[PDB]
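Quick heads-up: it's one chain on its own, the form deposited in one PDB entry, in structure tokens.
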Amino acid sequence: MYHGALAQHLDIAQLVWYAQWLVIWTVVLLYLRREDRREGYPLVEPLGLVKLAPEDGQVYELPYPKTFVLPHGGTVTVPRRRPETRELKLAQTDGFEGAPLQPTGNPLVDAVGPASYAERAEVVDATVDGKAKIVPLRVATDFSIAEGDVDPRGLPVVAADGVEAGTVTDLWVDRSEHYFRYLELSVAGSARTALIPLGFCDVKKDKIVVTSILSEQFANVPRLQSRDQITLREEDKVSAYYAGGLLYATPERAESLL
């Protein structure tokens, strides 16, 4: 006789094999793949006209809503209805369903393609204890550059075309994580300030190189509402602007490299 034998050529290990697959597919299909759908759902078709009743699969693929209690007041529930309101300055290059769109205007200002920003809250990101998280050093006076590292304040900013475009006046720091996220710079010849994500900055000891945009394009970087704080949507607008330059700053950057 055998430990683990059952009647008619079954054994326990054989059953557990089936059970294990059942557990896996249950968690993956009925749990994880629905969690995956708490954003961007329900999907968008060539006009979903049936306003009278929902299609069955759209209800089945969604999880029950969850509510986040925000740390400084408010609640967010996902999933939820969030259509993109703003007019997009794009035109269909063809009649095909998945043909690409073309920018009709200037895609950096129009904020399309890689220049697109998400419609986040017009809200300032906050520290544990309520202060503004992302602040320039003139405000965050107990924060310093670490000894060892370039102080960029005073250095010029060189754009993709090699032209000096402005001068770094300040660093914005994340007070929650102790990490610099933007440089502030005056754009020469325009009597205004612009913010730059550090990730677009090549910090050299005599200059800040910036390959994403041209010098002239520093004029139309999204401006902030206030001088000394930034909203989450503004952070998106600013970051997106330079990323759009990777594909759009010159006509040649959108075409094939070969």
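Just count from 1 along the sequence shown to find any residue number. Between two forms, the rigid core is defined as the largest C-alpha subset superposing within 1.5 Å.
K.L.:
Checking the other compared PDB entries, only those that cover the residues flanking it, does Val209 lack coordinates in at least one third?
P.N.:
Looking at the other entries that model residues on either side of it, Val209 is present in every one.
K.L.:
Of the other PDB entries for this protein whose models extend past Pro54 on both sides, does at least a third leave it without coordinates?
P.N.:
Result for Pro54: often missing, at least a third of the compared entries.
K.L.:
When the C-alpha temperature factors are averaged for each of 46-54 and 202-210, which stretch ends up with the higher value in the entry?
P.N.:
According to the PDB entry, the answer is 46-54.
K.L.:
On mean C-alpha B-factor from the PDB entry, just flag whether 185-193 or 32-40 is the higher one.
P.N.:
Looking at the record's C-alpha B-factors, the answer is 185-193.
K.L.:
Of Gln20, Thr250, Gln14, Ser239, which one's C-alpha B factor is largest in the deposited record?
P.N.:
Within the set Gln20, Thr250, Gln14, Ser239, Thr250 shows the top C-alpha B-factor.
K.L.:
Highest CA temperature factor in the entry: which of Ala118, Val150, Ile134, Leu88?
P.N.:
That would be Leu88, according to the entry.
K.L.:
Taking the chain's C-alpha temperature factors as the reference, tell me which third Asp174 falls into: lowest, middle or highest.
P.N.:
It belongs to the lowest third of the chain when residues are ordered by C-alpha B-factor.
K.L.:
Relative to the other modelled residues in the chain, which third contains the C-alpha temperature factor of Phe180: lowest, middle or highest?
P.N.:
It falls in the bottom third of the chain.
K.L.:
Ranking every modelled residue in this chain by its Cα temperature factor as given in the entry, which third contains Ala126?
P.N.:
Lowest third of the chain for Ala126's C-alpha B-factor.
K.L.:
Ranking every modelled residue in this chain by its Cα temperature factor as given in the entry, which third contains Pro156?
P.N.:
It belongs to the middle third of the chain when residues are ordered by C-alpha B-factor.
K.L.:
Pull the Cα B-factor of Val163 out of the PDB entry and bin it into the chain's lowest, middle or highest third.
P.N.:
For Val163, the deposited C-alpha B-factor lands in the highest third.
Keep in mind the form deposited in another entry is missing from the figure; the text below concerns it.
K.L.:
After the core is superposed, which of these residues, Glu87, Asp142, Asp129, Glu177, moves its CA 2 Å or more between this form and the one not shown?
P.N.:
Only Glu87 moves by 2 Å or more at its C-alpha.
K.L.:
Answer with closer or farther for the CA-CA spacing of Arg80 and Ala121 in the other entry compared to the shown form; it moves by 3 Å or more.
P.N.:
Between the C-alphas of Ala121 and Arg80, the gap narrows in the other entry (3 Å or more compared with this form).
K.L.:
Looking in the other entry, are the Cα atoms of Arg80 and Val124 closer together or farther apart than here, the change being 3 Å or more?
P.N.:
Result: closer.
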